[PDB]
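Report on the structure given below.
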Amino acid sequence: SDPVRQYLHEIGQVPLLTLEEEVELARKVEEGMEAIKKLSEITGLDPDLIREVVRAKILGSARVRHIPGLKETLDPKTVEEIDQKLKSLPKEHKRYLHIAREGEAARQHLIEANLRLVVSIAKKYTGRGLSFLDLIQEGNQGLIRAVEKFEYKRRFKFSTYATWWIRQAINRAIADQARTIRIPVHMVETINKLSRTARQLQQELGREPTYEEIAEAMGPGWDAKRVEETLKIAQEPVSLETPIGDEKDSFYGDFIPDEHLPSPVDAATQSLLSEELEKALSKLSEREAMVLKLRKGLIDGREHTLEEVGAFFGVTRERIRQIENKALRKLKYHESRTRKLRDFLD
Amino acid sequence: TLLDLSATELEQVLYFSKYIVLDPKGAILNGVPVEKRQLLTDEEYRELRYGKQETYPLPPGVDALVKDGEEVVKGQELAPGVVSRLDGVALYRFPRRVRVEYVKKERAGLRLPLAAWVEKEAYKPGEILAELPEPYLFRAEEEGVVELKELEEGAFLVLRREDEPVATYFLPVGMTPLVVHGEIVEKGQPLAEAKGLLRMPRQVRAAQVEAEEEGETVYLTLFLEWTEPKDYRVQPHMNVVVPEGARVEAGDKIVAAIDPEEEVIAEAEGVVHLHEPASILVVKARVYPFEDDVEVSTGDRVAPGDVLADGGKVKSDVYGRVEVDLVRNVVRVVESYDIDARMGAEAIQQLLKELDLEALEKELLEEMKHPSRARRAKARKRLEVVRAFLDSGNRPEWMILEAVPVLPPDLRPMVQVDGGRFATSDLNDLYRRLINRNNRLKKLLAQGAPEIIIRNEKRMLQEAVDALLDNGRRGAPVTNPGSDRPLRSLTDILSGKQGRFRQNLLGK
DNA sequence: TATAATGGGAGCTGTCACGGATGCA
DNA sequence: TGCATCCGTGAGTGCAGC
């Protein structure tokens with residue numbers, strides 16, 4: 001029913017490691033990685049492919065999918081070929097395979113055992129724009145990074161090194177996903193810094209600070225305009241479904257006109273404009289009207305150069321420019337005469 | 001209705017509360033065999049798929065009542081405070097101390113009254129060496145300094161004049177040594193007193209016996225073989241690289257560590273005994289020791305009558321998963337079925353694809369003639385859906401979404417209002433939730449994430465799709481941060497008084 | 001990138017009647 | 001098989017409404 005409760009149950013299934021269990025798991029993982037590198041040395045194959053194969057057989061055929069980094073599409077066929085190629089190796093070499101498998105299994109068990117930590121850390125990041133479950137999952141990604149990067153040699157407990165990567169992943173997630181209009185992480189940092197600065201400033205000023213005071217507190221490079229624009233780009237959008245009035249019958253989006261699609265008046269005006277221009281078309285001769293339509297882009301929509309209309313009508317560019325000039329001139333005279341195209345100039 | 005699954009059940013499978021089984025591979029839960037479309041809990045699926053096992057704590061200072069690799073029956077106490085709830089192969093977890101019994105084969109002399117000595121070519125442990133009517137003083141036949149080496153029972157004297165030993169005497173049980181360590185002894189002074197019956201210690205056996213008769217006495221040169229124990233302490237950061245009862249030689253390492261100086265290396269030939277484990281692991285499994293190269297690696301799943309190790313000699317007894325132990329040099333098969341039981345809309349889509357419509361129509365038709373009214377009713381209700389799909393030409397599995405459509409952007413605008421500020425439809429936020437969760441799912445898959453994580457992610461993905469299509473239909477309605485207002489989904493857009501039909505269609 | 005850190009947190013209460021399912025006696 | 005019982009779905013129109 002409640003997804004969080006359900007997940008907390010599934011987490012409550014796997015029991016917490018002891019110091020020895022943790023050390024052994026970490027050790028098996030590390031030695032497993034070493035073994036994969038050794039198998040890469042022996043076989044002369046790609047360590048990543050080998051790792052994906054060992055992980056494939058450990059996880060089973062229940063999960064097999066093409067890895068973005070891998071060169072070959074990963075399917076039961078290829079993993080069977082590679083597995084059999086790994087079965088083809090001498091006892092001391094074939095040993096490293098067992099080391100690798102044990103490594104993967106240890107990795108899985110390590111993560112699964114440490115899933116509680118992620119929750120305990122993520123519970124404090126709520127209200128920051130991501131759901132609890134999302135924070136948990138991103139924190140889990142962090143946990144995975146921590147597992148693959150851990151060194152048991154340092155004798156530090158796993159939680160210490162894990163917490164860093166977990167917080168890292170949660171915060172990266174918050175910075176990356178939380179805005180409908182996405183903002184770069186460094187810019188999010190700058191914005192949050194501006195917020196904290198303004199909040200401290202207001203905490204000592206007994207009022208909200210001006211742009212100038214914030215600019216002062218931000219240091220050199222920061223003036224009022226920079227603070228103002230930074231606050232401008234930080235603005236988040238509002239819902240179109242935002243309710244208006246005490247009833248349920250009015251949306252905020254109902255008050256917003258469409259500026260894109262031309263109005264009936266605008267459309268009709270463009271229509272009468274085209275029709276009237278064609279009047280003056282039949283007016284000027286065929287050639288000068290066509291030259292004007294080519295140069296102004298009424299024909300294909302592009303505006304031709306003098307050399308193009310000149311090569312088209314078979315005259316010099318000077319000539320075509322001259323007939324364009326006289327065309328425009330006759331149009332000017334006729335326009336002064338009939339005052340027809342004046343009203344379309346607003 | 002189509003798959004004959006009650007609302008609660010479909011809820012359980014889609015939302016990952018329970019597994020549903022496909023191609024069971026003959027699993028057995030509580031004595032009853034498993035057949036397709038059965039509802040398995042998490043514990044049940046884990047017991048069936050990954051096998052049954054448990055681990056028990058050992059309080060500080062207490063040792064094991066059982067041995068590593070030893071089969072165990074339910075109820076059998078592994079310790080004074082520990083009893084195993086199941087049957088299977090017990091295994092040691094993190095032994096605190098390693099005892100090494102060192103093999104020593106040496107030569108030692110003794111002199112006894114001829115009347116007392118019972119003549120034998122060899123002496124087994126505990127076997128009486130001699131029977132003495134009166135107290136007898138064994139005397140030194142050499143001069144030098146005394147090295148007294150005391151076993152559990154029985155002793156050794158080594159006389160060294162130059163620091164080079166000139167004598168070795170054996171003192172079996174019943175002889176109380178009259179000398180201390182490092183004592184200076186001249187020739188013919190008593191090193192011991194023999195009283196009553198004297199016999200071989202339990203620790204040492206006499207392999208060979210030579211005897212020289214001189215005067216009224218016999219001098220026995222005994223070729224003896226015995227083991228001397230040495231304890232080693234293992235710290236939590238150390239691991240044992242040697243199996244229970246392993247023959248080791250000088251230079252070999254019993255226990256590794258972080259740094260070489262804290263390592264445990266074997267000084268001499270001896271057998272290894274693992275004592276005081278941190279915990280004991282009881283697994284239901286079949287053990288298969290191997291003398292040579294093994295054909296199957298760790299994690300592989302195998303049926304009875306399968307190749308394991310030694311070029312096809314040792315094979316598989318039960319169904320299970322293969323754990324190859326290099327430390328103990330044994331292939332261990334934890335007993336588990338290969339059963340395929342999935343969760344979520346993938347399972348459901350599979351079952352949907354596997355429905356033959358005509359067949360089910362026939363079934364329900366034969367069901368419609370039943371005397372019971374309820375059965376005819378339910379069969380009618382089902383046959384209505386079945387025949388709906390049949391007549392329409394729609395594939396049932398299309399009720400599952402592989403590819404979620406995306407509305408044209410102009411219908412879910414992002415628009416700059418008068419003041420230059422932006423206003424936008426909720427559908428964008430819903431779609432963003434969806435895409436974030438999907439992408440995170442693909443990355444978690446590609447990176448080989450554990451099953452709990454992937455399960456959580458899939459559940460969240462389904463709920464995301466739900467929120468997109470009909471929000472608040474199942475579970476809490478998705479809201480924007482800092483607001484209690486439910487987001488407006490496609491269903492909301494369509495229906496109601498404010499819906500598309502009534503607002504924009506039947507009136508304008 | 002390493003002291004250790006290991007199961008959440010807010011609930012929302014004064015309808016009202018019907019159709020339809022589901023369950024339990 | 002009949003009867004609790006729980007869940008889900010409805011509950012006038014147009015104005016304006018910040």
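By convention here, the chains of the structure tokens are called A, B, ... in the order presented, each chain's residues are numbered starting at 1, and ligands are numbered starting at 1 in the order presented.
Those residues that approach region 351-365 of chain B to within 8 Å, counting only C-alpha atoms (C1' of nucleotides), are residues 3, 379, 380, 382, 383, 386, 387, 390, 396 and 397 of chain B; same-chain residues fewer than 6 positions away are not listed.
Residue-level contacts from chain D to chain A at 10 Å, counting only C-alpha atoms (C1' of nucleotides), read residues 16, 17 and 18 of chain D.
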Note to self: Which residues are near residue 29 (chain A)? Cut-off 6 Å, only C-alpha atoms (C1' of nucleotides), ignore same chain within fewer than 5 positions. Put them as an MDAnalysis selection string.
What the structure shows: chainID A and resid 103 106:107
Store the residues of this selection in a file with N, CA and C atoms, as a compact mmCIF listing (two decimals), in the first residue's frame.
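Saved to selection-v4.txt:
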# COMPACT_ATOMS: atom_id res chain seq x y z
N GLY A 103 33.67 -12.48 -6.11
CA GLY A 103 33.75 -11.04 -5.99
C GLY A 103 32.43 -10.35 -6.28
N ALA A 106 29.86 -11.11 -3.63
CA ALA A 106 30.21 -10.33 -2.45
C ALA A 106 29.76 -8.88 -2.61
N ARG A 107 29.90 -8.35 -3.83
CA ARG A 107 29.48 -6.99 -4.14
C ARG A 107 27.99 -6.82 -3.91
Check: What gap, in Å, lies between CA of residue 288 (chain B) and CA of residue 57 (chain A)?
Finding: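 CA of residue 288 (chain B) sits 21.1 Å away from CA of residue 57 (chain A).
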Next item on the list: Using DSSP on the backbone coordinates, identify the residues of region 86-131 of chain A assigned to alpha helix (DSSP H); present them as a ChimeraX atom specification.
Entry: /A:86-87,91-122
As a tab-separated table (two decimals) with N, CA and C atoms, in the first residue's frame, could you give me every residue of chain B near chain D (at most 12 Å apart, counting only C-alpha atoms (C1' of nucleotides))?
chain	number	residue	atom	x	y	z
B	372	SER	N	-24.36	-24.31	-11.23
B	372	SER	CA	-24.17	-23.18	-10.32
B	372	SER	C	-24.39	-21.86	-11.03
B	373	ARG	N	-25.12	-20.95	-10.38
B	373	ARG	CA	-25.44	-19.66	-10.96
B	373	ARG	C	-24.25	-18.70	-10.95
B	374	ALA	N	-23.50	-18.72	-9.85
B	374	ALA	CA	-22.33	-17.86	-9.70
B	374	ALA	C	-21.26	-18.15	-10.74
B	473	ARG	N	-5.45	7.96	-8.79
B	473	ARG	CA	-6.27	6.78	-9.00
B	473	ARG	C	-5.85	5.66	-8.06
B	474	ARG	N	-4.55	5.37	-8.03
B	474	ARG	CA	-4.01	4.45	-7.03
B	474	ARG	C	-2.94	5.12	-6.19
B	496	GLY	N	-14.87	14.88	-15.92
B	496	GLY	CA	-15.36	15.88	-14.99
B	496	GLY	C	-16.10	17.02	-15.66
B	497	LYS	N	-16.60	17.95	-14.86
B	497	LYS	CA	-17.30	19.12	-15.37
B	497	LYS	C	-16.30	20.06	-16.04
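All residues of protein, DNA or RNA that reach within 9 Å of residue 2 (chain C), judged by only C-alpha atoms (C1' of nucleotides) and not counting those fewer than 2 positions away in the chain, are residues 150, 151, 154, 155, 156, 157, 158, 160, 161, 162 and 164 of chain A.
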Next item on the list: Determine which residues of chain C sit within 7 Å of chain A, taking into account only C-alpha atoms (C1' of nucleotides), and present them as number ranges by chain.
Entry: C: 2, 4-7
Please determine the contact residues of chain B with respect to chain C at a cut-off of 12 Å, counting only C-alpha atoms (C1' of nucleotides), and supply them as an mmCIF file with C-alpha atoms, in the first residue's frame.
data_model
loop_
_atom_site.group_PDB
_atom_site.id
_atom_site.type_symbol
_atom_site.label_atom_id
_atom_site.label_comp_id
_atom_site.auth_asym_id
_atom_site.auth_seq_id
_atom_site.Cartn_x
_atom_site.Cartn_y
_atom_site.Cartn_z
ATOM 1 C CA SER B 6 -8.201 -10.969 -8.132
ATOM 2 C CA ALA B 7 -7.618 -7.239 -7.668
ATOM 3 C CA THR B 8 -5.479 -7.825 -4.579
ATOM 4 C CA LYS B 378 -18.362 -15.132 -13.630
#
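Between chain B and the residues A:260, A:225, A:207, A:71, the shortest atom-to-atom distance, using only C-alpha atoms, involves A:260.
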Note to self: What are the residues of chain B lining chain A at 7 Å or less? Count only C-alpha atoms, and put the answer as a count of residues only.
What the structure shows: 23
Margin query: One number please: CA of residue 28 (chain B) to CA of residue 344 (chain B), in Å, one decimal.
Written below: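 For CA of residue 28 (chain B) relative to CA of residue 344 (chain B), the distance reads 23.1 Å.
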Note to self: Could you tell me how far CA of residue 337 (chain B) sits from CA of residue 51 (chain B), in Å to one decimal place?
What the structure shows: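 Between these atoms lies a distance of 7.8 Å.
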Next item on the list: Can you pull out every residue within 12 Å of residue 291 (chain B), counting only C-alpha atoms (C1' of nucleotides), but drop anything in the same chain fewer than 3 positions away, and send it as a list in words?
Entry: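 Non-adjacent residues within range: residues 91 of chain A; 288, 294, 308, 309, 310, 311, 312, 313, 314, 326, 328, 329, 330 and 331 of chain B.
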Note to self: Taking 4 positions as the minimum chain separation for residues in the same chain, which residues sit within 6 Å of region 145-161 of chain B when counting only C-alpha atoms (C1' of nucleotides)? Answer as a list in words.
What the structure shows: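 Contacts, in chain order: residues 165, 166, 167, 168, 169, 170, 171, 172, 173, 181, 182, 183, 184 and 201 of chain B.
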Checklist line | Contacts of region 304-307 of chain A within 6 Å, only C-alpha atoms (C1' of nucleotides), excl. fewer than 2 positions in-chain, as a list in words | finding: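 After dropping sequence-adjacent residues, the list is residues 294, 295, 309, 310, 311 and 317 of chain A.
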